[PDB]
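Asks: first piece of the complex, coordinates kept as in the full assembly:
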Amino acid sequence: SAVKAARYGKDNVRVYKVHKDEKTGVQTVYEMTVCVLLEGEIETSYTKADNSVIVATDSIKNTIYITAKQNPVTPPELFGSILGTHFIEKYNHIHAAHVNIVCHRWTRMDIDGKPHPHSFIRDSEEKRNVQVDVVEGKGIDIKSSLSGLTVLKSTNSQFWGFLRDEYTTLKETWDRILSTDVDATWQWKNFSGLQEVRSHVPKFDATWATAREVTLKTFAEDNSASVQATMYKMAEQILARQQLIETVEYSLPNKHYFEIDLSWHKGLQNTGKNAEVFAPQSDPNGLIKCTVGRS
Amino acid sequence: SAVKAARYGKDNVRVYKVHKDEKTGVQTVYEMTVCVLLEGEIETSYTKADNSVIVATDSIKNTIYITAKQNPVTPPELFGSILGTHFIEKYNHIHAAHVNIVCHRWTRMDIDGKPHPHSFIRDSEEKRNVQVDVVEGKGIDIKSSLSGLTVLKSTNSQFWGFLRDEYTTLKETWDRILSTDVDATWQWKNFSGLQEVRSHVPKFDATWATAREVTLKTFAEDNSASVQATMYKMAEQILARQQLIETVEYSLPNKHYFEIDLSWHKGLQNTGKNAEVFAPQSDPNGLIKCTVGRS
């Protein structure tokens, strides 16, 4: 037998950083969960009990805190690139670093219509994420994403004209509820190294904001023919607005809300045009994926 | 042996209701999870396998949907009171109904600075809850609550002057992070029945809004001497603003963020006045409770 692939590191490293403005007294907080996995010439730790090649996972944890102390943690694309680059430059035998960051929301509170200097609220479990792969000699690959954005529209969704055969019981519909949890990922063109990532720093927050805005507006305004059709419209718009993106991937559950026939009870009408009360279904759920790139 | 207490019913009943405005085309959605447990002269179902006294839990589920079809589902205090009253009036041998409702957030989307007619976002896992106990001959007891409101302030929290003995290692501090998940419950004076609950309908949403506003403002503005002291200030304000409330209960975790000493690494300064990077602790957590009533 032989080691075909190996990676190891530290997962679930929670990090908080505060920035304090001297002049204004305003404080800004950032909270993330970080995972770093390393690859390189480490096979002998597995095959020969040779620990000399192991940068301890505990040391990886220390490095994450030290790096956060000495560098900006925002945008996360930059922080992840700094962190990954550190490992491949510091350790001769480490040749790839894989950095995953999940950013948690701490949104500044409005108290009496004024933004508060040091108080924050977690407005939703929506996350902003990055995956950064730093590979020696091959540059920096960054995938940025938003996840956990949960939306619902109560009308202007349709689903008809699908394949009907002996396995089909679903009725066609011209008016249904559509609800999903949005997972959207945009993959940047490969960057040659840290200097190039630094050169594009303003694009990272702007593109995240664009992706979120396009997702919300398209969902709200499309008279949706299917999840498939609406998601494609979202992806093509993001690609049009940011030339440094190579692909956009969406993964959308279809979280079903079923009509409840109440006609057995005193002829109560609660279906079709008379549907008011529905039963949200926890499972199963449709799952629709697509990756859209350039022609 | 004897049955000392018994209750049974249906839990985790998910309900969605849509309201459609004829004139304006605006739609409004409500989504809840409902539990109904009944008590009464039902001991023989346990002791004698006498099912004749059992209103099937499946029928309780049907009743919840039918009641939501025929009545407003908001405010939840009203819906819960209607639902509980139904059971004690319909069934001679049922003498108490216990209704728990959790309301999930579906907040109308703003698209281009305009509220959208039929699109919604789940902005946070904060819930609004009610517990309604309808007891034959004894009226309607309602406890209203908010839960899952997660906040953090990065300064203006202190904790010093506590008891120090041979079990104590905690350093006194004049500047720390304070973060919590707010659970706040206000208990209404007993209502004589449904007519009285109806008479106070406008107070329910207003008091919820007040409780939320007082909680956020007090948290943000108090130079906190302890969780204990800040929570008491919140409770006394709510009691002052709504005379129909008898008690307010808060239950607050203290979600700790620890300083990280980095001085072992090149004398890096990251404690006290120099603290920038902290380690959020998943566990353990302080837990502080108090119930405040009138003198």
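Replies: Cool, got the structure. Numbering: from 1, shown residues only, chains lettered A, B, ... in the order given.
Asks: report the outermost residue of chain A with respect to its centre.
Replies: Relative to the C-alpha centroid of chain A, counting by CA atoms, centre = their mean, residue A:266 is the outermost residue, at 48.2 Å.
Asks: and that one, that's in a helix?
Replies: No. Per DSSP: H, G, I helix; E, B strand; the rest coil, residue A:266 lies outside any helix segment and is coil.
Asks: look up how far chain B lies from it.
Replies: 9 Å (CB to the nearest CB, to the nearest Å). Just so you know, the C-beta spots here come from the backbone N, C-alpha and C atoms, and that holds for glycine as well.
Asks: likewise residue A:282?
Replies: Residue A:282 is 7 Å from chain B, by CB to the nearest CB.
Asks: what's near enough to touch residue A:138?
Replies: The contact partners of residue A:138, by CB atoms under 8 Å, 6 or more residues apart in numbering or on different chains, come to residue A:190.
Asks: and it, how far from chain B?
Replies: 30 Å.
Asks: phi, psi for that residue please.
Replies: phi -120, psi 10 (degrees, to the nearest 10).
Asks: kindly report the same for residue A:280.
Replies: Per degrees, to the nearest 10, the backbone of residue A:280 is at phi -60, psi 140.
Asks: likewise for residue A:279?
Replies: Backbone torsions of residue A:279, given as degrees, to the nearest 10, read phi -110, psi 110.
Asks: next up, chain C:
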Amino acid sequence: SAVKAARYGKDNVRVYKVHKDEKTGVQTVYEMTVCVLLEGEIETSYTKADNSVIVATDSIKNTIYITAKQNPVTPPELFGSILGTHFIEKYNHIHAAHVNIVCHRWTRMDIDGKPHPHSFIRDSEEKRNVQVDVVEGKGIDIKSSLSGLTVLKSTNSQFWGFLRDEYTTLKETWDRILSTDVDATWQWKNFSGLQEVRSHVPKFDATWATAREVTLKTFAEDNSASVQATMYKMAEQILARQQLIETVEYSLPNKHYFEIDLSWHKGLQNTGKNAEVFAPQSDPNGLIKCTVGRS
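Replies: Putting chain C together with the chains above:
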């Protein structure tokens, strides 16, 4: 306003303890999650920012580890009583301690039909729990429980003869699946203090084992007329086997498995006597409770 009730302490304190046998080399591990909440003359911490009355929650955490170091941690009824007694005896102004312990399973591995000296497996998320309330002048109240015991029987469960009215759609049945997660709690007679708890130490593990055995055997063997009827049989047996128990409480979800009618597809028969494939329902679920005491 006035403080009507207050308690505070430390939750989610994870503790592991190992015992090493000198002679045999056998090791035994215990892992628990502990919560301790205190009550007493502490109102001024809430009302006057007087921290002098506060035993810091951090110190409570330290105390839990120190107490586990100096005392047996099994049975948990004993450990909880030692821990609660410590607080009311050490601190003049603390008058009640509330201790909740959850015990996690670490079951010794069998390797080649021989018990291994120091290797363990988590065989299920079933827990053994205790709630110990130590109240100055009023002794020690202990509630012991098992939870998270998930079982299913595929036949020998019935449900017919229930109330039928205009809200009822459920068909009577003489053969259904019954599945539940067992939560069972037995409440001990009040103990005068630690000496009395020590005197009954052997009864704690024995009664837990009895409660578990009676629950499993009764579930497996009863031709169940309802959840209500089967649960009562369990409770009456436990009360008969241990005279120091005052009440037994069961709380059982009814986790539904629905028949799937496939007759629309080529006349496929999958209902009643021909039912083979079922759809487990995540929600809603029946919830049936009862507390059984002595005549």
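Asks: what comes into contact with stretch A:286-295?
Replies: Here stretch A:286-295 has contacts from A:227-228, A:231-232, A:235-236, A:239, A:246-254, A:256, using CB under 8 Å, 6+ apart.
Asks: in whichever strand or helix holds residue A:66, what counts as buried?
Replies: Using DSSP states H and E, residue A:66 falls within helix A:57-70. Residues of helix A:57-70 classed as buried: A:60-69 (neighbour count, 16 or more other CB atoms under 10 Å in any protein chain shown).
Asks: same check, this time on stretch A:252-261
Replies: A:252-257, A:259-260.
Asks: the helix or strand containing residue A:79 near chain B anywhere?
Replies: Under the criterion of DSSP H and E, residue A:79 resides in helix A:76-90. No. Judged by CB under 8 Å from any CB of the partner chain, helix A:76-90 stays clear of chain B, getting no closer than 12.1 Å.
Asks: and the helix holding residue A:66, how far from the chain's centre?
Replies: Distance of helix A:57-70 from its chain centroid, counting by CA atoms, centre = their mean, to the nearest Å, is 23 Å.
Asks: sorry, back to before: show the buried residues in the contacts of stretch A:286-295.
Replies: Buried, going by 16+ other CB under 10 Å: A:227, A:231-232, A:235, A:239, A:247-254, A:256, out of the contacts of stretch A:286-295.
Asks: taking those one by one, which sit in helices?
Replies: Per DSSP state H, helices hold the following members of the buried ones among the contacts of stretch A:286-295: A:227, A:231-232, A:235, A:239.
Asks: add chain D to the structure above:
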Amino acid sequence: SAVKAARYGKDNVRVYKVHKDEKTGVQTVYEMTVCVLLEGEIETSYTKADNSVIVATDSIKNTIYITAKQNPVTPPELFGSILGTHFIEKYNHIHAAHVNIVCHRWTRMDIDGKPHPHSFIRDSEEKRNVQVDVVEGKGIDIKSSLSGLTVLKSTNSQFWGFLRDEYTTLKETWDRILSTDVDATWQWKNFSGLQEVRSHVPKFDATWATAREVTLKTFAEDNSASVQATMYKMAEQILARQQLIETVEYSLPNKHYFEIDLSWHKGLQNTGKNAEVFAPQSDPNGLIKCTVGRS
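Replies: Putting chain D together with the chains above:
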């Protein structure tokens, strides 16, 4: 823009099946959660709102139940292969099916030392899983796995001799706790189609049992030099015992248990050789992966 990749289907489909033995009266239950995602000539559903190419996800759900009715559901490798093959054969334009199955434990109860005919217990959240990719013209690729196997050993784990630099604070150790949740995956050689999968049916359960046995025995008996070294020993043994496996992948968290220094309290000794009470850490955790193949 262009569709680069697309797949869609139904996730979280819960399925239960019962087998009833005519002669003996013994019943056996199987419960699974199934996901099926399809690929093929479906781009126009995304780009042109052409639903004619969509096999509705609801129909996929129906197909899963029908297939479970008409076929064995065990071993899951076989069921997944039958299910995936159905889609590529039935629908001209569907060219790949991806089937993921999670099998839940229902272990027959022993009552009075005798196996019960129809009563079952969920003994742990350990799962047996399969991923089956059926690709038209390219055969059937099967990855089998176990997950959620949680183990701990209280001694006979070491970790010393690792890289030490200015980022390192970890002390070397010759005696520590090792605890992990095992995720192990074995990838079968490609099968030409369903006939070949059928020909190897007995190997599937046998190899699962072998993988589990090798994992438990190696964990218990290895005087572990690191997670890396112990996991490699497991993988090489599985590859040696089953020639039809091409690779074995392990993914292991290192779930840390920290010593607690109590020496500040009355010189209490709780470190090194005197360590009895430890603090389980919820996060962060080491994460160690490796894929082992043939030379």
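Asks: could you re-examine the contacts of stretch A:286-295 with chain D now present?
Replies: Contacts of stretch A:286-295 (CB under 8 Å, 6+ apart): A:227-228, A:231-232, A:235-236, A:239, A:246-254, A:256, D:1-11, D:35, D:37, D:46, D:57.
Asks: still on that earlier bit, quick check: the residue farthest from the centre of chain A touching residue C:166?
Replies: Yes. Between residue A:266 and residue C:166 there is a contact at 7.1 Å, judged by CB atoms under 8 Å.
Asks: overlap in contacts, those two.
Replies: Residues touching both residue A:266 and residue C:166 (CB under 8 Å, 6+ apart): none.
Asks: OK, contacts around residue A:40?
Replies: A:91, A:93-96.
Asks: which of those residues has the most neighbours?
Replies: residue A:94 (20 neighbours; other CB atoms under 10 Å in any protein chain shown).
Asks: how much space separates it from residue D:166?
Replies: According to CB to CB, to the nearest Å, residue A:94 and residue D:166 sit 16 Å apart.
Asks: so the longest helix anywhere in chain A versus helix A:76-90, what angle?
Replies: Determined from DSSP H, the single longest helix within chain A is helix A:201-221. Between helix A:201-221 and helix A:76-90, the angle comes out at 140 degrees (axes from the mean of the first three to the mean of the last three CA atoms, to 10 degrees).
Asks: close to chain D: what parts of the stretch 51-200 of chain A are there?
Replies: A:51-59, A:61-63, A:66, A:91, A:159-163, A:165, A:167-170.
Asks: repeat the analysis, applying 7 Å as the threshold.
Replies: Neighbours of chain D within the stretch 51-200 of chain A, by CB under 7 Å from any CB of the partner chain: A:51-52, A:54-59, A:61-63, A:160-163, A:167-170.
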